[PDB]
């Protein structure tokens, strides 16, 4: 087994402009986002390849869960703006929490909130208690610790419940996170009216994203003019290209070389003028 992480990020706005939900929530497994929720449609929705995964989460219910998280999230934001006597301004509260395992061994945990970009409050499951970094965080901590049970629950979420969810989610996400999809390539050349000729070598439809794409000119690894790449969450595939400029009076043979963890040995693709 290898590394796997579960992360959730909450964003709440005290005074939201039109067409922007006051509260957004999202979740990513490793390098891919699998769900999303906002205060407009108020419905948890799977994403990417998880749109086709059946029986991993009863989203209809999770929507009710989110609606609960949301009400506590904005209230917290309400109290902060309240404290600072400035409800006329536009403020923001970001929270981040999740956990990670490695070799089926819980190896991480985090739960931190940010206010207007500054560190606000974060939980330390070792004490266990919340650490306040902002004067108003002091009240929040007070409220979130009014009963001896509260900090026991939080520790319980990071050390027991969250990793439980990661493991569950992992049983249904094998055919996704563990993929090793080989990269397909296409070497194309475009000539602009005036400049030199340019050769584009694209590597598409692959996963993981760590790839090695480069050109050569008669065996000599050439320096790229343009380099780029992207992630398409819908498919859960990466794309990575490279471009080189070729002198007007050159005949030498250009070959694109692609390396990957999915490939047994590197691929080569020459450009036939």
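Positions refer to the first chain, counted from 1.
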Of 174-182 and 126-134, which one has the bigger average CA B-factor?
174-182
Using the B-factors recorded in the PDB entry, average over the C-alpha atoms of 208-216 and of 240-248, then report which stretch comes out higher.
240-248
Reading the B-factor column for Cα atoms of 67, 227, 51, 232, the highest value belongs to 227
Of the residues 91, 143, 190, 167, the one carrying the largest Cα B-factor as recorded:
190
Please place residue 267 in the lowest, middle or highest third of its chain by C-alpha B factor as given in the entry.
middle
According to the PDB entry, is the CA B factor of residue 121 in the bottom, middle or top third of its chain, that is, lowest, middle or highest?
lowest
Against its chain's modelled residues, does residue 17's Cα B factor rank lowest, middle or highest third?
middle
Just say lowest, middle or highest third for the CA B-factor of residue 151 relative to the other modelled residues in its chain.
lowest
Based on the entry's values, in what third of the chain does the Cα temperature factor of residue 222 lie: lowest, middle or highest?
highest
